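Atoms within each ligand, like the ligands themselves, are counted from 1 in listed order. Residue numbers start at 1 and run along the sequence shown.
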Amino acid sequence: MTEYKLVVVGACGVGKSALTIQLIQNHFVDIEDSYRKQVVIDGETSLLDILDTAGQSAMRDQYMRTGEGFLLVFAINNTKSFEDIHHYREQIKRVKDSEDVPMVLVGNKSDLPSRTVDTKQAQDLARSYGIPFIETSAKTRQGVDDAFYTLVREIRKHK
Ligand SMILES: Nc1nc2c(ncn2[C@@H]2O[C@H](COP(=O)(O)OP(=O)(O)O)[C@@H](O)[C@H]2O)c(=O)[nH]1
């Protein structure tokens with residue numbers, strides 16, 4: 001059976017944990033740093049081993065090296081978190097020592113009316129990196145499966 005090591009990166013408070021909890025435990029409440037569950041994606045059974053991190057040591061650099069795919073998460077009501085995305089992508093590329101690393105850009109908190117990051121901005125950035133962009137809400141579950149499953153699919157095309 002296939003195991004996919006995924007890493008969810010992004011600034012503090014963007015909803016990395018909420019997204020992962022929603023995926024794995026199917027709920028949202030307004031504490032675990034890692035998660036593990038077997039799911040079926042496009043008919044293939046996959047064990048997802050997922051780490052949520054903001055980069056703020058030995059475990060971290062380790063999980064980056066072996067992480068096979070990365071969700072780059074920002075919140076649509078957090079301009080700084082969007083600006084931080086470049087730093088996260090560059091850091092990953094450095095540690096992987098590679099230019100073809102599976103990634104997906106995730107704009108979370110899409111249910112909220114406060115928006116300071118335009119969808120156009122995010123789409124343009126994703127196009128530049130050559131990766132998918134998915135709008136999500138850990139609260140409503142919008143895009144949650146799609147974000148993670150799309151990443152798994154990026155990992156497959158990569159191999
Ligand atoms: N409204 C809304 N709140 C969210 C969403 N995702 C996370 N949150 C809230 O944002 C806060 C920080 O989320 P958290 O998962 O701890 O962020 P993390 O530091 O990236 O893991 C918490 O109060 C969450 O309930 C979302 O999609 N919508």
Worksheet item: Checking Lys16 side chain against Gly10 main chain: does a donor-acceptor pair fall under 3.5 Å?
Response: yes

Worksheet item: For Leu112, is at least one N or O under 3.5 Å away from an N or O on ligand 1?
Response: no

Worksheet item: Which of parallel (below 30°), tilted (30 to 60°) and perpendicular (above 60°) describes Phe74 and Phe82?
Response: perpendicular

Fill in: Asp111 and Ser137 side chains, donor-acceptor separation under 3.5 Å
yes

Worksheet entry | Which of the ligand 1 atoms, numbered from 1, are nearer than 4.0 Å to a heavy atom of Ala18 | 6 (N), 7 (C), 15 (O)

Discussion item. Would you say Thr2 and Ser46 are linked by a side-chain donor-acceptor pair, where the criterion is simply a distance under 3.5 Å?
Written reply: no

Worksheet entry | Polar atom proximity, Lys16 to ligand 1 (N or O, under 3.5 Å) | yes

Item to complete: Run the contact test for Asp111 against ligand 1 with a 4.0 Å cut-off on heavy atoms, strictly below, and give the result.
Response: yes

Worksheet item: Polar-atom distance check: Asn108 versus ligand 1, any N or O pair below 3.5 Å?
Response: yes

Worksheet entry | N or O pair under 3.5 Å between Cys12 and ligand 1 | no

Discussion item. Is it true that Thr136 and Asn108 share a donor-acceptor pair across their side chains at a distance under 3.5 Å?
Written reply: yes

Item to complete: Give a yes/no on ligand 1: does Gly13 have at least one heavy atom closer than 4.0 angstrom to it?
Response: yes

Practice prompt. Using distance alone, with no hydrogens and no angle criterion, decide if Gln25 and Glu32 have a side-chain donor and acceptor under 3.5 Å apart.
Written response: yes

Practice prompt. Report, in ascending order of atom number, the atoms of ligand 1 lying under 4.0 Å from any heavy atom of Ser17.
Written response: 15 (O), 21 (O)

Practice prompt. Would you mind listing which atoms of ligand 1 come within a distance below 4.0 Å of any non-hydrogen atom of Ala138?
Written response: 6 (N), 26 (C), 27 (O)

Discussion item. With nothing but distance in play, are any N or O atoms of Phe28 less than 3.5 Å from an N or O of ligand 1?
Written reply: no

Discussion item. Would you say that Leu47 contacts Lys37 through its side chain, given a criterion of any heavy-atom pair below 4.5 Å between the two side chains?
Written reply: no

